[PDB]
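Beneath this line is the structure, given in structure tokens, with notes to follow.
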Ligand SMILES: O=c1ccn([C@@H]2O[C@H](COP(=O)(O)OP(=O)(O)OP(=O)(O)O)[C@@H](O)[C@H]2O)c(=O)[nH]1
Ligand SMILES: [Ba+2]
Ligand SMILES: [Cl-]
């Protein structure tokens with residue numbers, strides 16, 4: 001791993017071979033699946049001991065075909081409004097005590113009622129496995145099955161999802177908190193496949209319409225019905241190779257309008273967010289920087305946790321990735337030993353690149369006035385020489401991002417013993433023809449955020465400038481807001 005993987009990808013044919021080989025290397029072995037099966041069997045044994053006729057249904061990465069080594073094990077246990085929450089939480093505690101004290105080998109048991117879907121986190125010691133026990137999740141089962149079904153519908157699915165998933169892990173786009181879940185990212189890939197001119201994957205509404213007799217199922221008032229086998233469905237007429245689909249992915253999601261669009265896997269289409277339509281229809285839908293609808297529960301934005309910085313970082317990383325995929329280093333292999341194809345995409349991100357990818361949130365203000373105030377801050381309040389979404393090229397011959405404290409103290413003392421822009425500009429000018437550091441500033445139409453990328457950085461001081469800008473620019477615009 002990280003060594004064997006690198007040479008394995010570098011050694012093999014074209015890009016598609018790299019993606020396929022990646023899937024081959026990361027996926028769970030037979031022994032791993034045997035181990036997981038046995039552990040789930042034990043859990044089943046103890047839960048049967050407590051709950052006669054209860055079924056333990058594995059879901060998520062286990063059954064959705066996107067599994068990798070050491071992945072979580074998601075288990076679903078199948079057996080007034082605040083009273084119902086309290087009842088559910090108590091029940092969850094009961095399951096938690098069953099895990100904690102009964103089933104042999106399991107430790108690290110933490111009940112999490114506060115989560116969206118309440119869950120009991122567990123670790124099984126002898127197998128070295130960990131995961132979540134869920135009481136109510138029946139939608140995850142069917143949508144996981146839906147994911148594996150997608151994998152069966154077209155052979156390019158697993159390679160795309162695996163590669164893009166690893167890439168997202170690399171670019172810091174995926175994880176907990178504000179980031180994207182692997183499920184959300186997966187839904188994005190699938191939606192991308194549905195939106196190709198020839199469709200690579202059918203829309204979920206098409207699967208629902210196809211369905212079958214007795215294959216009808218309704219969970220939590222939503223229609224989860226899809227065909228059980230991929231044989232009853234006609235293949236894709238899309239001839240696009242893996243690499244082209246990867247590049248097209250990056251370019252696509254880089255060019256999309258995320259804020260103003262709710263991406264529907266059901267209709268296989270982009271539904272306009274503004275104004276008010278989908279949130280009025282399904283009534284449970286949270287809207288934000290990135291909106292991606294679950295194929296079954298239509299009141300659930302799977303990306304609803306994604307902050308503007310994360311969406312911005314996503315589209316930036318995707319634009320950069322597209323730029324790379326247009327280079328010859330991507331398409332053509334290497335003679336001897338050099339990194340080609342998937343390798344720079346799976347390689348760790350440069351600190352300057354990692355920083356530049358994630359934009360800087362700015363206070364609310366009209367685009368024109370915001371831009372004017374920005375270039376006014378760079379020009380006036382900093383030593384920046386600037387020149388002509390919006391963008392400006394900026395040059396700094398000075399250390400201006402650092403040394404401001406001492407200079408401000410000196411000025412404070414000089415003034416003591418004998419309005420923001422002009423004063424801070426004086427602070428800057430009191431800090432003191434080849435450019436020391438040159439960088440690009442960019443503002444997107446929606447949401448309005450400043451993106452700072454490097455150009456010429458001989459001494460490698462760019463990240464310091466980036467952090468300093470992260471602190472300085474918002475408060476500058478903040479003070480400029482109060483002059484009106
Ligand atoms: O918003 C969500 C998130 C997750 N889920 C359900 O939870 C399951 C967990 O989906 P994950 O986001 O955990 O991804 P994963 O398990 O496929 O991969 P790893 O995290 O193991 O790397 C998914 O398969 C989905 O069924 C939802 O239904 N909605
Ligand atoms: Ba998981
Ligand atoms: Cl597109």
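Our numbering is plain: 1 for the first residue shown, then up by one each step along the chain.
The way this entry was determined, per its header, is X-ray crystallography, 3.0 Å.
Including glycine, each Cβ sits where the backbone N, Cα and C put it.
According to Swiss-Prot, the feature ATP binding site maps to 61, 143. What Swiss-Prot lists as UTP binding site is 72, 74, 143, 165, 183, 300. Feature annotation from Swiss-Prot assigns Mg(2+) binding site to 72, 74; the stated evidence is experimental evidence.
The expression tag annotation in the PDB entry covers 482-484.
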Cβ atoms near residue 183 (UTP binding site) (within 10 Å, other residues, all chains): 20
DSSP-derived class (H/G/I helix, E/B strand, else coil) of residue 74 (UTP binding site): strand
Among 61, 143, the most crowded of the binding-site residues [Cβ within 10 Å]: 143
Contacting binding-site residues for ligand 2, chosen from 74, 143, 165 when the Cβ sits under 6 angstroms of any of its atoms: 74
Per-residue Cβ crowding (10 Å cut-off), top of binding-site residues 72, 74: 74
Three-state secondary structure, which DSSP defines for residue 143 (ATP binding site): helix
Residues that sit under 8 angstroms from residue 300 (UTP binding site) by C-beta distance, when 6+ apart in the chain: 284, 285, 293, 294
Surrounding CB atoms that lie within 10 Å of the CB of residue 165 (UTP binding site), all protein chains: 20
Cα-nearest neighbour of residue 143 (ATP binding site) within the listed binding-site residues, 72, 74, 165, 183: 183
Anchor-to-anchor CA distance, Å, residue 79 and residue 80 (intervening 35 residues not built): 20
Assigned element (helix, strand, coil) containing residue 300 (UTP binding site), judged by DSSP: coil
Pairwise Cα distance for residue 61 (ATP binding site)/residue 72 (UTP binding site) [Å, integer]: 7
